[PDB]
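See structure below.
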Amino acid sequence: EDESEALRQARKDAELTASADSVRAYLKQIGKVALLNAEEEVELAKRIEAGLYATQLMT
Amino acid sequence: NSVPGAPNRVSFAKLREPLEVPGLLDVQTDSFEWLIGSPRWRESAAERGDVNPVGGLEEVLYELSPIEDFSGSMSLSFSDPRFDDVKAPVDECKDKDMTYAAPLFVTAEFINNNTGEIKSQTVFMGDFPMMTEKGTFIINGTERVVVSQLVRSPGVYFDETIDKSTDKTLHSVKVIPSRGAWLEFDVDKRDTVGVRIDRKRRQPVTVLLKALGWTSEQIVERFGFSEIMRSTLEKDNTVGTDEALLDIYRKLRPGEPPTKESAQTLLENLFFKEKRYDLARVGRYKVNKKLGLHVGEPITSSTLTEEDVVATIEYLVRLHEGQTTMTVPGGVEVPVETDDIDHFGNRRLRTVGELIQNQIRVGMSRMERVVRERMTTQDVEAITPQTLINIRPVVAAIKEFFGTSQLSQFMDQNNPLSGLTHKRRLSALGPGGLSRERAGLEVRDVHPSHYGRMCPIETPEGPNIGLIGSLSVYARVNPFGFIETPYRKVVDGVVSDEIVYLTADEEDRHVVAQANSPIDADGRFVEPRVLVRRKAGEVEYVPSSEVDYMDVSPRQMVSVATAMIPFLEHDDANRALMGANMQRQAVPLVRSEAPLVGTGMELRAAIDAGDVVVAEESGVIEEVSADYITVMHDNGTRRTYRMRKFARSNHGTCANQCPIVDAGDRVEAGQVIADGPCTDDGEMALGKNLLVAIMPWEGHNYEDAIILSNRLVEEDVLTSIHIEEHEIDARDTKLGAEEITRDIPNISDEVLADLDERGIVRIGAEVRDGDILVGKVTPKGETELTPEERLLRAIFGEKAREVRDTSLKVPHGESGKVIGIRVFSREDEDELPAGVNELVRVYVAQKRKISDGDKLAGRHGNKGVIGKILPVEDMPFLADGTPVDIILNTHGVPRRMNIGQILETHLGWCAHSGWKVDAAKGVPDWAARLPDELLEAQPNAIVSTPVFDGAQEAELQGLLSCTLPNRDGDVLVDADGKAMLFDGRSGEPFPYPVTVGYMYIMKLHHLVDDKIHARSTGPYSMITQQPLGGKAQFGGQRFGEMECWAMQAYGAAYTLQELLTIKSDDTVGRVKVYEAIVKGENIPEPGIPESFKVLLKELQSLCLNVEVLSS
Amino acid sequence: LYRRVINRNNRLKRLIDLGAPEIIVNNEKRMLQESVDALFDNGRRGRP
């Protein structure tokens, strides 16, 4: 079913495929990062604000 | 007969035909009627499948609707496809180059399931091209004809194969549905099976049946007798429905991790969903017949079902066991056998309806995509069907289909027969078909099912041999796409008049009889053994009581182009093939005399070709003129047929129409009123009746050459009016405007005499190669004015002449008088293309006489060019003194096996001189079966001969015996056909008699005037400096590598280098050679070809360091 | 084909100079490789 080595390495092997079509390979790779919500967006925006502030301070 | 104006054509036919030939255009008209859904077709299906009367457009609209959004609370549907009157009648759309078309209207229902509101908007679908009465479309003025296509009908196809290793038999299947993914079930080299899904070579049936919600108990219950599938299920090695689903996901959608539900829905969306796998309505019924699934149920759910898959498994596995009959649980029993792919029960025919349906389906798919995109981006209740609809893709798709598609081609019309045969022709190349390179040897062969459906003789001799053919004369297209032919059914040796129609597959389960059988009028064949066609196409003897079908008539297996060949049965198949093909390319002469010896098919072929005026309604003729005929019908009103005079055909021939009625005659509905280009008294006439001697004369008729007398040239017996058109357009340009004016720079006056001040040639003025036609002057802009030009103008006072005279001139090698000028312009408020503002087209015609090199041929396969036209003195003449017109060689007819035309020659002489059979002491033995009214024939009497039931040898010999003379007492020909004839060169009589008689010859459209070409220094191509090729361009013959082989073998090196470098390529070499030969100087040393430098640069651009080293 | 090569090369230059995550840079380099592939021999690898 899903556990007991039937589906985990199944997913790993299915993902680890040749993907001859270039668009297919790109869509396979893009299916790796989870989507984001508003709180994550504002938190990452705060992190980027801190990063650019630190870059300005370095300058 | 049965034609009101039919000339009296006596016939040698023995038996009668129970039915007349159907309207040979019925495969184009009826299909378009189905497409539109006209009331004629509406009532046609009322007794031929009224279970679901629906048109092609109605079917597509119903399939498309309803279309909704992701939420399902808002949707749109289509209904009521209503047409409209055509914008303009045919001739004007042929004049100003507009498509013969009418607006299309449909009703759109907007539904909003959230609250519910109705919006019935009558949207303008577009401009749908229509089909004319002749079955030809008009696109941009041109007349185009679409042809039906032969493809493999979607369904199930089992087949057998030998491994050639241990001689084990293997059985494979290919369920090939349109717009879907293939499944290939077979028995592998080893014992197990192969279940290839969409080209993936793994996973025997174990995972598939398991993936259908089953488990091992079901597959072991269904299959306990099939040890092959028992071994396979034992070799499952997988337990678990989800395990099988993920294993399928491996080899159906790799690259994405599988989940519990993804594979289960993926299988349904791949096979059992009618959006990604929909075998057409033909495919579902083909599967049902092949498997006996449903035998009395309406057609619905075009998508493939699971019981279909299980029945396919059972059928295949039982076939591997060698079983004969399979009975599916829940269905009738079906015999188990391999399916042939060329049998006409598996090859359908996509007529015009199906092709236009497919293009409309693509257009509606784009429509559904765009409307699905748009229905969500706009807020509810602010959206209307008009803004949901953007009709652009539909008209784009129809324009894509009608133009720049190889299945809807330019009409081949240089005589009525070519037009008739271009339609009702079956092709096999194109979208969904097989290319000639893709075509094997098996497909080109004649299948036993071709009989009565597709003619086995009519097919082009070129590379396309066998790929494209012509429809039979009695053939019918079922409302289902399969082809079908009529046949009378005999019961217990009693022949019935009831005509029933059978397809290719329905013929196997019956036994059809011979066409010309010894019928006694009581239905009983006098001998028990009769030639019959068995199930597998085998011919054999069989007693009479068990046969159940017979051919409706002879010439049922043959088309309309081959049914016009007299004495067909006496000719080899190859020569009959070529004769049928040359019948298509005869030219329309200026008189078109009817043939003496022919077949009854000529009248019907001429009548229904559509180019002869036929009185639709009976009545007296009010008045007759060359331009028009006014006919007064019985019910007061009148009708004026406007005759078409001197119209250029698509191949530049003549299409005059001469009325053949008087000012006070009565004409019945259906009678021929006026004759077309190649018709006499409403019957086909593609040639002339010429007296023939078959002796080989002094080598001028050597190797198929033909010699003619000057009488044909002087009496205009073989001369054709040929018309060409020359378009030329003045268009806007950054330099300004190009003017159609007489202000033509640096021209004389003797060549300006025949132009009007408007700037074009006077109507009725003679031109020739090089003469100016239209004076169009373009602003030259600027260039390097040579100093020598300045000294030139300083010597004479010539103006700069600031404009370039790129006027239109008659191209090389033609002449003749001008027929008409048509001019269009923007200030004439015309629909000119955006960019051009004048467009003038001039028609020039010349009465092309017959000369050396013109190809003349009979309709029996004999061909040849005119070796010479020698004067009337030097012609062998009979004792009466009439010179022979055409002499052909005798060394071709016995070797090439076309003796039929010798019989035609003798029958023609009998028909010309007239005959009478002495019925004093009873009728002679040979004339006992000869019909009455054929024992007497006046001079120049026309006869007829059906192709397979015609005049026999004994009857023709008896006719030759009594051949009463015309004016003097002189039986020129003896009983054996030969006749004495006097030499016109030396004067003494020839030692031995030779055969003479009247033969029907035709001039082919391969005249030498359009076939002679030569050039000294013309233009050259861009990339490589080689001269171009063709007749439109100045050309230049291709000196290929095969001729390079010959020149190298000769040992001639200087000639080869000359032909390569300076004569073709070396630019400086070309100009230097021309200067040297003009200057009378020695031709210089050839240089280096430019194409080699082009190759060197090209190879360098491919990252290949190529340098040529001096040392 | 030359226009495709030029476009891909210029976009890769922009990506490198601007500074982008390595996935987009790898995708652009793959597109450049496939574009040169199409230029030298169309249809040899993959659909033409």
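When segment B:813-841 is examined, which residues are found to be under 30 Å from B:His1013 (Cβ atoms) and in contact with a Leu (Cβ under 7 Å, 6 or more places away or on another chain)? Of everything in segment B:813-841, just one residue is under 30 Å from B:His1013 (Cβ atoms) and in contact with a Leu (Cβ under 7 Å, 6 or more places away or on another chain), namely B:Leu839. Of the helices (runs of 4 or more DSSP H) lying entirely inside chain A, those containing at least 3 residues that are under 24 Å from C:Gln33 (Cα atoms), within 14 Å of another protein chain (Cβ to nearest Cβ) and free of Cβ contacts under 8 Å to residues at least 24 places away in the same chain span A:22-30.
Residues that are free of Cβ contacts under 8 Å to residues at least 12 places away in the same chain and either in contact with a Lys or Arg (Cβ under 7 Å, 6 or more places away or on another chain) or within 30 Å of B:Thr945 (Cβ to Cβ) (or both) do occur in segment B:816-838, at least one of them.
Okay, residues lined up against (1) in a helix (DSSP H, G or I); (2) in contact (Cβ under 8 Å) with a residue 60 or more places away in the chain; (3) over 20 Å from B:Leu1104 (Cβ atoms):
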| position | (1), (2), (3) |
| --- | --- |
| C:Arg4 | yes, no, yes |
| C:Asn10 | yes, no, yes |
| C:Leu15 | yes, no, yes |
| C:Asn26 | yes, no, yes |
| C:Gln33 | yes, no, no |
| C:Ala38 | yes, no, no |
| C:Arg44 | no, no, no |
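The criterion of at least 1 residues that are in contact (Cβ under 8 Å) with a residue 60 or more places away in the chain, among the aliphatic types (A, V, I, L, M) and over 30 Å from B:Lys809 (Cα atoms) is met by the following helices (runs of 4 or more DSSP H) wholly inside segment B:1020-1111: B:1090-1101.
Whenever a residue of segment B:395-417 is farther than 30 Å from B:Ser592 by Cα, its partners that are of a type in the set (D, E, K, R), lying with C-beta atoms within less than 6 angstrom and at least six residues away or across chains, give the pairs B:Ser408/B:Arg144. Scanning segment A:2-51 for residues that are loosely packed, with under 12 Cβ neighbours inside 10 Å and at positive phi yields A:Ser4, A:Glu5. Are any of the residues in segment B:92-108 aromatic (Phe, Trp, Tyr), surrounded by 15 or more Cβ atoms within 10 Å (Cβ to Cβ) and part of a strand (DSSP E or B)? Yes; the residues of segment B:92-108 include at least one that is aromatic (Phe, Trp, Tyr), surrounded by 15 or more Cβ atoms within 10 Å (Cβ to Cβ) and part of a strand (DSSP E or B).
Name the single residue that is surrounded by the most Cβ atoms within 10 Å (Cβ to Cβ) among those in segment B:622-662 being within 17 Å of B:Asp681 (Cα to Cα) and among the hydrophobic types (A, V, I, L, M, F, W, C). Among them, the one singled out is B:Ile629.
I want to confirm something. Restricting to segment B:531-544 and keeping residues that are touching a strand residue (DSSP E or B) at 6+ places or on another chain (Cβ under 9 Å) and hydrophobic (A, V, I, L, M, F, W, C), which single residue is nearest to B:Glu507 (Cα to Cα)? The qualifying residue nearest to B:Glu507 (Cα to Cα) is B:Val532. For residues that are in contact with a helix residue (DSSP H, G or I) (Cβ under 8 Å, 6 or more places away or on another chain) and within 13 Å of B:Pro204 (Cα to Cα), scanning just segment B:234-253, find the one that is farthest from the other protein chains (Cβ to nearest Cβ). So the residue we want is B:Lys235. Out of curiosity, is B:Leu266 closer than 28 Å to B:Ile299 by Cβ and within 14 Å of chain A (Cβ to nearest Cβ)? Yes, satisfied. Hey, B:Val205 hits all of (1) within 14 Å of chain A (Cβ to nearest Cβ); (2) crowded, with 16+ Cβ neighbours inside 10 Å but one; which does it fall short on? Status for B:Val205: all satisfied but (1).
Counting only helices (runs of 4 or more DSSP H) that sit wholly inside segment B:167-264, those with at least 3 residues that are within 30 Å of B:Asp339 (Cβ to Cβ) are B:206-211, B:216-222, B:227-234. Of the candidates C:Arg30, C:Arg3, the single residue that is basic (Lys, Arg) and within 11 Å of chain A (Cβ to nearest Cβ) is C:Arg30. Scanning segment B:624-679 for residues that are in a loop (DSSP other than H, G, I, E, B), more than 24 Å from B:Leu1007 (Cα to Cα) and charged (D, E, K, R) yields a total of 6. B:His891 satisfies every condition listed in (1) in a loop (DSSP other than H, G, I, E, B); (2) under 26 Å from B:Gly652 (Cα atoms); (3) in contact (Cβ under 8 Å) with a residue 24 or more places away in the chain except (2).
Among residues of segment B:495-515 that are outside any loop (DSSP other than H, G, I, E, B), those with a beta-carbon under 7 Å from a residue that is polar (S, T, N, Q) at least six positions away or on a different chain give the pairs B:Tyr501/B:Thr485; B:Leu502/B:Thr485; B:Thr503/B:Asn478; B:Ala504/B:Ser449.
Checked against the criterion of being buried (at least 24 other Cβ atoms within 10 Å of the Cβ) and among the aliphatic types (A, V, I, L, M), the candidates B:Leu596, B:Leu568 yield just one match: B:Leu568. Taken as a whole, segment B:189-199 holds at least one residue that is crowded, with 16+ Cβ neighbours inside 10 Å and over 25 Å from B:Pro154 (Cα atoms).
Before we move on, is B:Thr132 surrounded by fewer than 21 Cβ atoms within 10 Å (Cβ to Cβ) and in a loop (DSSP other than H, G, I, E, B)?
Against the criterion (surrounded by fewer than 21 Cβ atoms within 10 Å (Cβ to Cβ) and in a loop (DSSP other than H, G, I, E, B)), B:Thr132 qualifies.
Filtering B:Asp505, B:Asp522 for residues that are among the acidic types (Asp, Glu), in contact with a strand residue (DSSP E or B) (Cβ under 9 Å, 6 or more places away or on another chain) and either farther than 30 Å from B:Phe482 by Cβ or surrounded by 13 or more Cβ atoms within 10 Å (Cβ to Cβ) (or both) leaves a single hit, B:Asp522. For B:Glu838, state whether it is of a type in the set (D, E, K, R) and either closer than 16 Å to B:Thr741 by Cβ or exposed (fewer than 14 other Cβ atoms within 10 Å of the Cβ) (or both). In short, yes. On the stretch given as segment B:756-802, residues that are more than 42 Å from the chain's Cα centre (by Cα) and outside any loop (DSSP other than H, G, I, E, B) total 13.
A residue that is in contact with a helix residue (DSSP H, G or I) (Cβ under 6 Å, 6 or more places away or on another chain) and either farther than 20 Å from B:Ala576 by Cα or without any contact (Cβ under 8 Å) to a residue 24 or more places away in the chain (or both) occurs somewhere in segment B:441-464.
Against the numbered list (1) farther than 29 Å from B:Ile899 by Cβ; (2) surrounded by 12 or more Cβ atoms within 10 Å (Cβ to Cβ); (3) β-branched (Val, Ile, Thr), B:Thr963 comes up short only at (1). For segment B:311-340, the set of residues classified as among the β-branched types (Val, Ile, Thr), crowded, with 16+ Cβ neighbours inside 10 Å and within 22 Å of B:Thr169 (Cα to Cα) consists of B:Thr312, B:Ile313, B:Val317, B:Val334, B:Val336, listed by residue number.
Throughout, read-outs are computed from the coordinates displayed, never taken from laboratory work. Every residue, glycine as well, gets a Cβ built from its backbone with ideal geometry; the counts of neighbours run over all protein chains shown.
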